[PDB]
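What follows is a short report on a single structure.
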Amino acid sequence: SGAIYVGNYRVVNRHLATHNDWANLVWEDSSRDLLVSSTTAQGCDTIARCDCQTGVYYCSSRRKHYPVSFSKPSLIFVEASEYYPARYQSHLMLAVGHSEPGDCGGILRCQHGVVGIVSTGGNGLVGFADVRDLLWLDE
Ligand SMILES: NC(=O)[C@H]1CCCN(C(=O)Cc2cccc3c2OCO3)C1
Ligand SMILES: [Zn+2]
């Protein structure tokens, strides 16, 4: 579990979105596993606007933060689930690191701010849904 709170927005994994998220829906994309909902309270997370390939992510299955090198956001493969069939997820970045299903929602950050959230993993890899291209989250 986990979310990003920036301004009047909440960014979560689409497969983990609640009834409230869908009742206050701003934008969602199954291909990116992202959903953005509106909030009453103001969020203070800073979104990074950069091309960093290094950062630190929170791993809830270990109660620890880990430093990682990660790939550039690209179209990558994802096995089915009670959420989605086999497909390419777009805007996805991979790193070598520990991850378990409940780790989805953990934030990845660089020196410039929030980069993305955990969205996939397995076999010693962890995948993050990039949010740095969503310029509208700030205005
Ligand atoms: N975005 C998707 O289509 C995902 C939806 C939930 C299932 N999924 C996973 O990757 C599950 C998983 C297994 C093992 C380590 C994991 C992990 O998730 C975080 O790290 C795919
Ligand atoms: Zn950065």
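Order determines the names: the first chain of the structure tokens is A, the second B, and so forth; residues in each chain are numbered 1 upward, and ligands are numbered 1 upward as they are shown.
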Find the residues near ligand 2. Use a cut-off of 10 Å, count only C-alpha atoms and all ligand atoms, and write them as an mmCIF file with C-alpha atoms, in the first residue's frame.
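Output file selection-v3.cif is given in full below:
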data_model
loop_
_atom_site.group_PDB
_atom_site.id
_atom_site.type_symbol
_atom_site.label_atom_id
_atom_site.label_comp_id
_atom_site.auth_asym_id
_atom_site.auth_seq_id
_atom_site.Cartn_x
_atom_site.Cartn_y
_atom_site.Cartn_z
ATOM 1 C CA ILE A 47 7.333 15.693 -7.751
ATOM 2 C CA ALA A 48 10.758 15.444 -9.412
ATOM 3 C CA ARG A 49 11.073 16.818 -12.966
ATOM 4 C CA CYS A 50 14.349 15.137 -14.068
ATOM 5 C CA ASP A 51 15.945 12.122 -15.842
ATOM 6 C CA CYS A 52 17.658 10.598 -12.715
ATOM 7 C CA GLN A 53 18.372 6.889 -12.901
ATOM 8 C CA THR A 54 19.378 6.592 -9.185
ATOM 9 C CA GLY A 55 17.252 7.001 -6.071
ATOM 10 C CA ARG A 109 12.626 9.377 -4.599
ATOM 11 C CA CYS A 110 15.793 11.054 -5.996
ATOM 12 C CA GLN A 111 17.452 14.361 -4.767
ATOM 13 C CA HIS A 112 14.775 16.238 -6.876
ATOM 14 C CA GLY A 113 11.719 14.638 -5.221
ATOM 15 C CA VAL A 114 9.147 11.860 -5.855
ATOM 16 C CA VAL A 115 9.926 9.809 -9.012
ATOM 17 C CA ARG A 132 7.689 12.702 -13.528
#
Show me a table, sorted first by chain and then by increasing residue number, of the residues of chain A having an atom at most 7 Å from ligand 1, each with its shortest atom pair and the distance in Å to one decimal, counting only C-alpha atoms and all ligand atoms and written as a tab-separated table.
residue	atom	partner	partner_atom_place_in_ligand_line	distance
A:15	CA	ligand 1	5 (C)	6.4
A:33	CA	ligand 1	1 (N)	5.3
A:78	CA	ligand 1	3 (O)	5.4
A:79	CA	ligand 1	21 (C)	6.4
A:80	CA	ligand 1	3 (O)	6.9
A:81	CA	ligand 1	7 (C)	5.7
A:83	CA	ligand 1	5 (C)	6.2
A:84	CA	ligand 1	3 (O)	6.0
A:99	CA	ligand 1	20 (O)	4.1
A:100	CA	ligand 1	15 (C)	3.5
A:101	CA	ligand 1	17 (C)	3.7
A:102	CA	ligand 1	19 (C)	6.4
A:103	CA	ligand 1	19 (C)	5.1
A:104	CA	ligand 1	19 (C)	4.9
A:118	CA	ligand 1	19 (C)	6.0
A:119	CA	ligand 1	1 (N)	4.7
A:120	CA	ligand 1	10 (O)	3.3
A:121	CA	ligand 1	16 (C)	3.5
A:122	CA	ligand 1	14 (C)	4.2
A:126	CA	ligand 1	20 (O)	5.6
A:127	CA	ligand 1	20 (O)	6.9
* For residue 39 (chain A), which residue out of A:8, A:74, A:60, A:20 is the nearest one, using only C-alpha atoms? -> A:8
* Asked: What does the distance from CA of residue 63 (chain A) to CA of residue 95 (chain A) come to in Å, to one decimal?
  ->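 Taking CA of residue 63 (chain A) as the start and CA of residue 95 (chain A) as the end point, the length is 18.1 Å.
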* To do: Would you list, as a PyMOL selection string, the residues of chain A that end up in strand (DSSP E or B) under DSSP run on this structure's backbone?
  => chain A and resi 4-13+25-29+34-44+47+54-59+64-70+74-78+87-96+107-110+113-122+125-130
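Among the candidate residues A:17, A:27, A:41, A:3, the one lying nearest to residue 136 (chain A) is A:27, with distances computed using only C-alpha atoms.
Proximity of A:11, A:59, A:86, A:96 to residue 37 (chain A), computed with only C-alpha atoms, is greatest for A:11.
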* Asked: What are the DSSP alpha helix (DSSP H) residues of region 11-133 of chain A, as a list in words?
  ->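 Selecting the alpha helix (DSSP H) positions of region 11-133 of chain A gives residues 19, 20, 21, 22 and 23 of chain A.
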* Asked: For residue 124 (chain A), which residue out of A:108, A:97, A:137, A:87 is the nearest one, using only C-alpha atoms?
  -> A:97
